[PDB]
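Heads up, the thing below is written out as structure tokens.
There are 2 protein chains.
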Amino acid sequence: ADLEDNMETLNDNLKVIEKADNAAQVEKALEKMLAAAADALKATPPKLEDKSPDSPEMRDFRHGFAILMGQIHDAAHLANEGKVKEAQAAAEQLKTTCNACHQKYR
Amino acid sequence: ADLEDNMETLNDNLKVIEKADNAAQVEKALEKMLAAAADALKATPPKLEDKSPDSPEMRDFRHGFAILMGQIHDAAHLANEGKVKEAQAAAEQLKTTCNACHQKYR
Ligand code: HEM
Ligand code: HEM
Ligand SMILES: [Ca+2]
Ligand SMILES: [Zn+2]
Ligand SMILES: [Zn+2]
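Protein sequence lines, in the order shown, are assigned to chains A and B.
Its first residue numbered 1, the first sequence is counted upward by one per residue in the entry's author numbering.
Its first residue numbered 1, the second sequence is counted upward by one per residue in the entry's author numbering.
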């Protein structure tokens, strides 16, 4: 999928996690975020279209996804342990990573 | 790219790391591995073609890539520190993760 569609998936899944009824639901929503983040890594965002594929900016963009995937991954483990409230808090905390990339590159 | 082309990227770059002359080369080879592992995550491997997209097998498969990406990430930071031998050793440890997935799903 393209960057916009993956971003939509990330957004929608945050809301799913916020309203989730149990740990199993939070876990699979986080797994879907992890996939969307991985699939997004390959993208060239509009703001960087004229930069080299290997520019510092493009490499920084890709790093943001590495970080996001790690954080989603850790949160998924909290849900796997049945810690629903903790997983939900960790999902909310992800927004701070979302924000950092957007302020730079969106 | 498809699953096999990404596997080829993983394999070629591991060889590059083994023969690399400086940290920057190692770091860039690792970044390309991390991208290939991210793109492979979406795949359905032939051995699991008949299972549910949400079967324990397919989730275990995607989890293999989450683990691999985290290890690749950590190794990239070692190279970023200029620690070439350490990053080479870390890249070598990656092979245990390659092998675990292959033994199950290859
Ligand atoms: C889970 C955290 C995140 C959420 C919830 C999120 C959400 C969104 C949403 C809803 C959009 C609007 C685009 C659309 O779908 O129409 C967007 C755009 C965008 N996001 Fe994110 N995002 C997240 C993380 C990130 C990260 C980590 C990066 C970079 C590493 C990033 C880069 C971008 C860029 C470049 C756009 C503009 C895309 C375009 O204009 O085509 N986002 N994001
Ligand atoms: C550690 C790094 C890895 C390396 C160096 C590597 C290398 C390879 C190579 C050389 C092939 C032959 C494919 C081709 O024709 O190009 C292959 C196939 C395959 N690998 Fe990996 N691999 C790695 C990690 C993984 C992981 C982590 C998984 C699962 C989580 C995985 C799952 C598979 C599967 C299912 C195939 C067979 C695909 C098919 O037959 O279409 N690999 N790998
Ligand atoms: Ca609910
Ligand atoms: Zn894990
Ligand atoms: Zn990092």
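Just so you know, even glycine gets a beta-carbon here, dropped at the ideal spot from N, CA and C.
Contacts between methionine 33 (chain A) and chain B, judged by CB atoms closer than 9 Å, are missing: the closest CB pair is about 11 Å apart. Proximity of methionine 7 (chain A) to chain B, defined by a Cβ-Cβ separation below 8 Å, is not satisfied. Taking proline 53 (chain A) as the centre and dropping the five residues before and after it, the same chain places the C-beta of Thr44 closer than 8 Å to its C-beta, in chain order. Among the CB atoms of chain B, none fall inside 8 Å of the CB of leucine 68 (chain A). Taking each of A:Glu57, A:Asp2 and A:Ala76 in turn and checking the Cα distance to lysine 104 (chain A), the smallest one comes out for A:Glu57. Against chain A, the CB of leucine 3 (chain B) has no partner CB under 8 Å away; the residue lies outside that interface.
For chain B, the residues of the stretch 37 to 60 of chain A that bring a beta carbon within less than 9 Å of one of its beta carbons are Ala37, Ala38, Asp39, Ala40, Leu41, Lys42, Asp54 and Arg59, in chain order.
In the structure shown, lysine 85 (chain A) falls within a helical segment according to DSSP collapsed to helix, strand and coil. Only residues of its own chain outside the window of five on either side were considered, and among them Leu34 have a CB closer than 7 Å to the CB of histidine 73 (chain A), listed in chain order. Here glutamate 27 (chain A) is near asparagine 80 (chain A), since their CB atoms are less than 8 Å apart.
Excluding its 5 nearest sequence neighbours in each direction, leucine 10 (chain B) has C-beta neighbours in its own chain below 6 Å: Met33 and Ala36, listed in chain order.
CA-to-CA, the gap between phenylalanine 65 (chain A) and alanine 75 (chain B) works out to about 16 Å. Exposed is the label assigned to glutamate 49 (chain A), since fewer than 16 other Cβ atoms lie within 10 Å of its Cβ. Less than 8 Å separates the beta-carbon of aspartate 39 (chain B) from that of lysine 42 (chain A). Using a Cβ distance threshold of 8 Å, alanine 87 (chain B) and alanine 23 (chain B) count as a contacting pair.
Residue side-chain check: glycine 70 (chain A) keeps its Cβ at 7 Å or more from all non-hydrogen atoms of ligand 2. At least one beta carbon of chain B lies nearer than 8 Å to the beta carbon of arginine 62 (chain A). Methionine 69 (chain A) and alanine 29 (chain A) have their C-alpha atoms spaced approximately 13 Å apart.
With respect to the 8 Å criterion, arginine 59 (chain B) and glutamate 8 (chain A) are not classified as neighbours on the basis of their beta carbons. The continuous alpha helix (DSSP H) containing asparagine 80 (chain B) extends over residues 56 to 80.
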